[PDB]
Amino acid sequence: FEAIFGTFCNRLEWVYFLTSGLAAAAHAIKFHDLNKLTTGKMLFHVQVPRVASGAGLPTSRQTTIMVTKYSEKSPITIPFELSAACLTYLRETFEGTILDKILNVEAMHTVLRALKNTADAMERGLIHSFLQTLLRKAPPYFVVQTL
Amino acid sequence: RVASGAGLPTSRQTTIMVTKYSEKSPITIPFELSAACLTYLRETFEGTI
Amino acid sequence: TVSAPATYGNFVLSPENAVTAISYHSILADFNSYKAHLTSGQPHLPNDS
Amino acid sequence: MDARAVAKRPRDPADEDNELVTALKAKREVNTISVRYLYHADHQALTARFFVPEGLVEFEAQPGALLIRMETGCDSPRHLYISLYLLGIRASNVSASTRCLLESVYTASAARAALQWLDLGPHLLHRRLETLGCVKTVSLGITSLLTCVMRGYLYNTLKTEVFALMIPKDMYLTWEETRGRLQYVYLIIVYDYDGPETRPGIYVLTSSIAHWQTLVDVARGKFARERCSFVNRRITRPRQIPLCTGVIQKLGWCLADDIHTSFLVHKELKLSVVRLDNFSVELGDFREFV
């Protein structure tokens with residue numbers, strides 16, 4: 001005979017944005033109505049001190065600058081797929097036999113496992129996109145040291 | 001998987017199976033005995049020291 | 001100092017594995033547990049055989 | 001089977017739970033995903049996804065246009081997805097000003113390669129082209145993503161607004177003065193054989209006629225000069241094998257009151273178009289008339 005020992009399913013490990021150290025670099029705000037808007041602007045108002053000049057030299061003026069900061073959009077996507085077997089068995093029963101029960105259990109577990117994997121992948125994609133937008137804007141060392 | 005931006009490629013939901021097998025390697029060793037030893041072990045003659 | 005197993009482990013060939021080997025020509029370890037879990041509706045295995 | 005089950009009203013996707021909701025209800029588990037209502041669930045329109053080079057996307061940055069697949073016999077990408085507006089640069093049925101404007105706007109590198117491929121081969125436009133219906137999204141880049149409908153009512157995702165289809169003014173043709181409340185729109189290609197080149201004309205035709213025989217009758221009536229040109233080339237130059245003075249393809253049904261005239265702007269350049277808002281796509285294949 002041919003002997004098959006214990007079969008193993010992968011013990012996939014979960015990860016989250018908040019649990020990662022990168023979350024400390026970030027501020028995270030959730031907003032259920034984000035789909036409707038595409039503009040986010042912040043404004044800064046600053047008055048710069050001027051030292052009173054000496055005799056004869058040109059004098060300074062009361063001066064201010066006003067500057068605005070804008071938003072970057074970078075949505076992320078993940079696809080996941082279901083076969084016809086799971087889709088038809090998830091909403092049907094055939095004679096109520098034991099094998100049909102096995103198929104129903106398999107279909108339900110398959111779709112829910114796919115949903116769980118997609119959620120984990122979405123969290124990974126969110127942290128990935130945050131790193132992308134952070135790194136794409138960071139200048140190198142020599143320029144900042146020269147500055 | 002990890003997500004990506006619209007227009008960029010996306011990773012298909014994927015699974016894989018692997019089947020490790022087994023190996024065979026027996027072992028042997030002989031041990032000897034002497035004929036006089038065997039015959040004295042089996043039965044005894046007239047009782048003497 | 002460290003604790004170690006004092007003897008070899010014993011593996012039992014179940015009677016259901018006998019009929020599976022005779023007819024199906026295969027032996028599934030801990031077969032009764034497999035049948036019970038399959039009919040119960042829990043896919044995740046209790047522990048390695 | 002039982003009488004009550006037979007008499008019972010049909011199943012109601014309108015309020016019955018979606019499959020993912022059923023599964024998560026079954027295990028009593030909740031993911032962070034807003035799983036309840038699926039977008040595009042009620043969509044009837046059949047959608048395709050197409051990738052296109054960056055040069056061609058101009059005038060598609062405004063939603064709504066005909067997307068055409070053209071052939072190239074090279075081993076490297078065999079098909080290139082072209083827009084109807086760019087195709088007008090080849091037609092002899094375009095005024096000089098409009099052709100000059102289109103020639104100036106589409107001067108990106110990729111576009112001119114398609115124009116070379118269109119006329120570098122012996123075959124006419126008829127055998128080279130095929131229609132893919134109407135395009136309705138943009139995602140720009142070095143390579144851009146288009147989404148397109150091949151049997152459809154033309155709408156945004158939430159159906160918050162209907163999307164129109166725009167046709168350039170020079171190509172638009174009508175063969176009746178009064179319009180019934182329903183009329184179909186067709187793609188028309190005709191060829192001039194008197195000139196040295198087989199010079200093609202590009203037309204879009206709206207008509208209340210659905211039956212092929214009468215439509216072809218009217219077409220042969222109006223295109224008599226082009227038909228005479230075909231016969232003239234056939235008699236004049238033997239061992240040449242011309243064919244199909246004109247070809248027809250059916251592409252659309254629309255409610256005639258919907259038609260409007262509008263202007264279209266891109267790259268702060270201004271184009272004149274005709275517009276059909278409450279449009280729908282029905283696709284047939286090309287067919288020949290002589």
# chains A, B, ... in the order shown; residues from 1 in each chain; ligands from 1
call {"tool": "closest_atom_pairs", "arguments": {"of": "chain D", "to": "chain A", "cutoff": "8 Å", "atoms": "only C-alpha atoms", "output": "CSV"}}
result
residue,atom,partner,partner_atom,distance
D:19,CA,A:90,CA,7.4
D:20,CA,A:111,CA,7.4
D:23,CA,A:108,CA,5.8
D:24,CA,A:112,CA,7.0
D:31,CA,A:119,CA,7.1
D:32,CA,A:119,CA,7.3
D:33,CA,A:119,CA,7.1
call {"tool": "closest_atom_pairs", "arguments": {"of": "chain B", "to": "chain A", "cutoff": "6 Å", "atoms": "only C-alpha atoms", "output": "JSON lines"}}
result
{"residue": "B:1", "atom": "CA", "partner": "A:121", "partner_atom": "CA", "distance": 4.7}
{"residue": "B:2", "atom": "CA", "partner": "A:125", "partner_atom": "CA", "distance": 4.3}
{"residue": "B:3", "atom": "CA", "partner": "A:125", "partner_atom": "CA", "distance": 3.8}
{"residue": "B:4", "atom": "CA", "partner": "A:76", "partner_atom": "CA", "distance": 4.9}
{"residue": "B:5", "atom": "CA", "partner": "A:76", "partner_atom": "CA", "distance": 4.5}
{"residue": "B:13", "atom": "CA", "partner": "A:80", "partner_atom": "CA", "distance": 5.9}
call {"tool": "write_last_selection", "arguments": {"atoms": "C-alpha atoms", "output": "PDB file, in the first residue's frame"}}
result
ATOM      1  CA  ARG B   1      -0.725  39.675  -1.906  1.00  0.00           C
ATOM      2  CA  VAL B   2      -0.465  43.470  -1.861  1.00  0.00           C
ATOM      3  CA  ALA B   3      -2.589  46.050  -3.659  1.00  0.00           C
ATOM      4  CA  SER B   4      -1.511  48.310  -6.515  1.00  0.00           C
ATOM      5  CA  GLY B   5      -2.792  51.440  -8.232  1.00  0.00           C
ATOM      6  CA  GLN B  13      -5.227  34.891  -6.244  1.00  0.00           C
TER       7      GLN B  13
END
call {"tool": "interface_residues", "arguments": {"of": "chain D", "to": "chain B", "cutoff": "12 Å", "atoms": "only C-alpha atoms", "output": "PyMOL selection string"}}
result
chain D and resi 49-52+137-147
call {"tool": "select_by_dssp", "arguments": {"residues": "chain A", "states": "strand (DSSP E or B)", "output": "PyMOL selection string"}}
result
chain A and resi 2-4+42-47+64-69+76-77
call {"tool": "write_last_selection", "arguments": {"atoms": "N, CA and C atoms", "output": "PDB file, in the first residue's frame"}}
result
ATOM      1  N   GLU A   2       0.233   2.380  -0.272  1.00  0.00           N
ATOM      2  CA  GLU A   2       0.868   3.689  -0.266  1.00  0.00           C
ATOM      3  C   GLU A   2       0.256   4.516   0.857  1.00  0.00           C
ATOM      4  N   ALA A   3       1.098   5.016   1.756  1.00  0.00           N
ATOM      5  CA  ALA A   3       0.642   5.666   2.980  1.00  0.00           C
ATOM      6  C   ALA A   3       0.752   7.177   2.831  1.00  0.00           C
ATOM      7  N   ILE A   4      -0.353   7.874   3.083  1.00  0.00           N
ATOM      8  CA  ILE A   4      -0.387   9.331   3.090  1.00  0.00           C
ATOM      9  C   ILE A   4      -0.559   9.786   4.535  1.00  0.00           C
ATOM     10  N   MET A  42      -4.969  72.593   2.466  1.00  0.00           N
ATOM     11  CA  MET A  42      -4.640  73.240   3.724  1.00  0.00           C
ATOM     12  C   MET A  42      -3.897  74.538   3.434  1.00  0.00           C
ATOM     13  N   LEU A  43      -4.025  75.497   4.347  1.00  0.00           N
ATOM     14  CA  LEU A  43      -3.477  76.831   4.139  1.00  0.00           C
ATOM     15  C   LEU A  43      -2.642  77.252   5.337  1.00  0.00           C
ATOM     16  N   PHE A  44      -1.545  77.953   5.059  1.00  0.00           N
ATOM     17  CA  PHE A  44      -0.599  78.396   6.075  1.00  0.00           C
ATOM     18  C   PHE A  44      -0.439  79.906   5.982  1.00  0.00           C
ATOM     19  N   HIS A  45      -0.553  80.585   7.121  1.00  0.00           N
ATOM     20  CA  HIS A  45      -0.374  82.030   7.208  1.00  0.00           C
ATOM     21  C   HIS A  45       0.770  82.307   8.173  1.00  0.00           C
ATOM     22  N   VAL A  46       1.818  82.987   7.702  1.00  0.00           N
ATOM     23  CA  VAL A  46       3.042  83.247   8.469  1.00  0.00           C
ATOM     24  C   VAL A  46       3.516  84.681   8.288  1.00  0.00           C
ATOM     25  N   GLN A  47       3.852  85.323   9.402  1.00  0.00           N
ATOM     26  CA  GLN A  47       4.486  86.633   9.395  1.00  0.00           C
ATOM     27  C   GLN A  47       5.910  86.472   9.907  1.00  0.00           C
ATOM     28  N   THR A  64       4.540  89.323   4.716  1.00  0.00           N
ATOM     29  CA  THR A  64       3.952  88.022   4.997  1.00  0.00           C
ATOM     30  C   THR A  64       3.919  87.217   3.708  1.00  0.00           C
ATOM     31  N   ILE A  65       3.854  85.905   3.857  1.00  0.00           N
ATOM     32  CA  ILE A  65       3.580  85.012   2.745  1.00  0.00           C
ATOM     33  C   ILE A  65       2.376  84.151   3.109  1.00  0.00           C
ATOM     34  N   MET A  66       1.586  83.776   2.110  1.00  0.00           N
ATOM     35  CA  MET A  66       0.495  82.827   2.268  1.00  0.00           C
ATOM     36  C   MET A  66       0.697  81.684   1.287  1.00  0.00           C
ATOM     37  N   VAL A  67       0.683  80.458   1.792  1.00  0.00           N
ATOM     38  CA  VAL A  67       0.962  79.264   0.998  1.00  0.00           C
ATOM     39  C   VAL A  67      -0.075  78.206   1.285  1.00  0.00           C
ATOM     40  N   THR A  68      -0.352  77.373   0.296  1.00  0.00           N
ATOM     41  CA  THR A  68      -1.334  76.306   0.402  1.00  0.00           C
ATOM     42  C   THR A  68      -0.677  74.962   0.114  1.00  0.00           C
ATOM     43  N   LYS A  69      -1.274  73.901   0.652  1.00  0.00           N
ATOM     44  CA  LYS A  69      -0.791  72.542   0.459  1.00  0.00           C
ATOM     45  C   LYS A  69      -1.926  71.700  -0.106  1.00  0.00           C
ATOM     46  N   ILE A  76      -5.959  52.069  -4.489  1.00  0.00           N
ATOM     47  CA  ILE A  76      -5.369  50.745  -4.647  1.00  0.00           C
ATOM     48  C   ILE A  76      -6.478  49.731  -4.897  1.00  0.00           C
ATOM     49  N   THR A  77      -6.147  48.677  -5.651  1.00  0.00           N
ATOM     50  CA  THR A  77      -7.114  47.664  -6.053  1.00  0.00           C
ATOM     51  C   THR A  77      -6.541  46.265  -5.858  1.00  0.00           C
TER      52      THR A  77
END
call {"tool": "select_by_dssp", "arguments": {"residues": "chain C", "states": "alpha helix (DSSP H)", "output": "ChimeraX atom specification"}}
result
/C:15-19,31-40
call {"tool": "interface_residues", "arguments": {"of": "chain C", "to": "chain A", "cutoff": "8 Å", "atoms": "only C-alpha atoms", "output": "ChimeraX atom specification"}}
result
/C:21,25-29,38-39,41,44-45,48-49
call {"tool": "residues_around", "arguments": {"residues": "residue 193 in chain D", "least_positions_apart": "2", "cutoff": "6 Å", "atoms": "only C-alpha atoms", "output": "list in words"}}
result
residues 195, 198, 229, 230 and 233 of chain D
call {"tool": "atom_distance", "arguments": {"atom1": "CA of residue 23 in chain B", "atom2": "CA of residue 4 in chain C"}}
result
25.4 Å
call {"tool": "atom_distance", "arguments": {"atom1": "CA of residue 157 in chain D", "atom2": "CA of residue 13 in chain D"}}
result
19.1 Å
call {"tool": "residues_around", "arguments": {"residues": "residue 22 in chain A", "least_positions_apart": "4", "cutoff": "9 Å", "atoms": "only C-alpha atoms", "output": "tab-separated table (two decimals) with C-alpha atoms, in the first residue's frame"}}
result
chain	number	residue	atom	x	y	z
A	17	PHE	CA	-1.08	48.93	9.12
A	18	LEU	CA	-1.58	50.06	12.72
A	26	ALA	CA	1.42	58.27	9.66
A	127	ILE	CA	0.84	50.10	3.91
A	130	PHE	CA	1.79	54.72	2.12
A	131	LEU	CA	5.44	53.74	1.80
call {"tool": "atom_distance", "arguments": {"atom1": "CA of residue 149 in chain D", "atom2": "CA of residue 273 in chain D"}}
result
20.8 Å
call {"tool": "residues_around", "arguments": {"residues": "range 115-117 of chain D", "least_positions_apart": "5", "cutoff": "12 Å", "atoms": "only C-alpha atoms", "output": "short mmCIF file (atom, residue, chain, number, x, y, z; two decimals) with N, CA, C and O atoms, in the first residue's frame"}}
result
data_model
loop_
_atom_site.label_atom_id
_atom_site.label_comp_id
_atom_site.auth_asym_id
_atom_site.auth_seq_id
_atom_site.Cartn_x
_atom_site.Cartn_y
_atom_site.Cartn_z
N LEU D 56 -2.69 58.12 -28.44
CA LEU D 56 -4.02 58.07 -29.05
C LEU D 56 -5.11 58.59 -28.11
O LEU D 56 -6.23 58.83 -28.56
N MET D 70 -7.76 48.26 -35.44
CA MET D 70 -7.11 48.20 -36.75
C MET D 70 -6.01 47.15 -36.73
O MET D 70 -5.43 46.85 -35.68
N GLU D 71 -5.72 46.59 -37.90
CA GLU D 71 -4.81 45.47 -38.03
C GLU D 71 -3.46 45.90 -38.58
O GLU D 71 -3.36 46.84 -39.37
N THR D 72 -2.42 45.20 -38.14
CA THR D 72 -1.07 45.39 -38.66
C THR D 72 -0.39 44.02 -38.67
O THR D 72 -0.33 43.36 -37.63
N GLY D 73 0.10 43.61 -39.84
CA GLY D 73 0.61 42.26 -40.02
C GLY D 73 1.93 41.97 -39.35
O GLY D 73 2.41 40.84 -39.44
N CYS D 74 2.54 42.96 -38.70
CA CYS D 74 3.83 42.75 -38.05
C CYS D 74 3.70 41.76 -36.89
O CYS D 74 2.63 41.57 -36.32
N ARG D 78 -0.12 43.16 -32.95
CA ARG D 78 -0.84 42.95 -34.20
C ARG D 78 -2.01 43.91 -34.37
O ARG D 78 -2.38 44.21 -35.51
N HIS D 79 -2.59 44.39 -33.28
CA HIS D 79 -3.73 45.28 -33.34
C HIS D 79 -3.44 46.56 -32.56
O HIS D 79 -2.75 46.54 -31.53
N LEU D 80 -3.96 47.67 -33.06
CA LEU D 80 -3.86 48.96 -32.40
C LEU D 80 -5.25 49.57 -32.32
O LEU D 80 -6.00 49.56 -33.31
N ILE D 82 -7.80 52.43 -32.19
CA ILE D 82 -7.82 53.78 -32.72
C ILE D 82 -9.21 54.37 -32.51
O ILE D 82 -10.21 53.65 -32.38
N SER D 83 -9.27 55.70 -32.47
CA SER D 83 -10.50 56.43 -32.24
C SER D 83 -11.06 56.94 -33.57
O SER D 83 -10.32 57.16 -34.52
N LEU D 86 -9.61 60.36 -34.90
CA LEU D 86 -8.33 60.27 -35.60
C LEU D 86 -8.50 59.67 -36.99
O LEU D 86 -7.81 60.06 -37.93
N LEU D 87 -9.41 58.70 -37.13
CA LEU D 87 -9.64 58.06 -38.42
C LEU D 87 -10.07 59.06 -39.49
O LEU D 87 -9.88 58.83 -40.68
N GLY D 88 -10.66 60.19 -39.07
CA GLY D 88 -11.10 61.19 -40.02
C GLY D 88 -9.97 61.84 -40.79
O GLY D 88 -10.19 62.36 -41.89
N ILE D 89 -8.76 61.83 -40.23
CA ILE D 89 -7.61 62.43 -40.91
C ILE D 89 -7.32 61.76 -42.24
O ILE D 89 -6.69 62.35 -43.11
N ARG D 90 -7.78 60.51 -42.42
CA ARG D 90 -7.59 59.78 -43.66
C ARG D 90 -8.73 59.98 -44.64
O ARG D 90 -8.51 59.92 -45.86
N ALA D 91 -9.94 60.24 -44.15
CA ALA D 91 -11.11 60.33 -45.01
C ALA D 91 -11.05 61.56 -45.90
O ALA D 91 -10.54 62.61 -45.51
N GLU D 103 -4.96 66.93 -37.58
CA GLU D 103 -3.57 66.64 -37.87
C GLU D 103 -2.64 67.32 -36.88
O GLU D 103 -1.59 66.77 -36.52
N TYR D 106 -3.22 65.48 -33.08
CA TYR D 106 -2.81 64.09 -32.91
C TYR D 106 -1.36 63.83 -33.31
O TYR D 106 -1.04 62.70 -33.69
N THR D 107 -0.48 64.83 -33.22
CA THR D 107 0.87 64.68 -33.76
C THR D 107 1.79 63.90 -32.83
O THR D 107 3.01 63.95 -32.98
N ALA D 108 1.22 63.16 -31.88
CA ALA D 108 2.02 62.27 -31.05
C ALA D 108 2.60 61.14 -31.90
O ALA D 108 2.09 60.80 -32.97
N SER D 109 3.70 60.56 -31.40
CA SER D 109 4.47 59.61 -32.19
C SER D 109 3.65 58.39 -32.58
O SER D 109 3.70 57.94 -33.73
N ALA D 110 2.89 57.83 -31.63
CA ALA D 110 2.18 56.58 -31.89
C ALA D 110 1.11 56.74 -32.96
O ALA D 110 0.85 55.80 -33.72
N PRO D 122 -1.90 46.93 -49.36
CA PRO D 122 -2.76 46.99 -50.56
C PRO D 122 -4.24 47.03 -50.26
O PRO D 122 -5.00 47.69 -50.98
N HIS D 123 -4.69 46.35 -49.21
CA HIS D 123 -6.12 46.21 -48.95
C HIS D 123 -6.76 47.53 -48.54
O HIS D 123 -6.11 48.42 -47.98
N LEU D 124 -8.05 47.65 -48.83
CA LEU D 124 -8.83 48.83 -48.48
C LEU D 124 -9.09 48.86 -46.98
O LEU D 124 -8.74 47.94 -46.23
N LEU D 125 -9.71 49.95 -46.53
CA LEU D 125 -10.03 50.10 -45.11
C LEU D 125 -11.04 49.05 -44.65
O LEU D 125 -11.04 48.66 -43.47
N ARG D 128 -9.61 45.98 -43.17
CA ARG D 128 -8.61 46.23 -42.15
C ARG D 128 -9.22 46.52 -40.78
O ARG D 128 -8.59 46.27 -39.75
N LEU D 129 -10.44 47.05 -40.75
CA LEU D 129 -11.01 47.62 -39.53
C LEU D 129 -12.13 46.76 -38.96
O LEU D 129 -12.73 45.93 -39.65
#
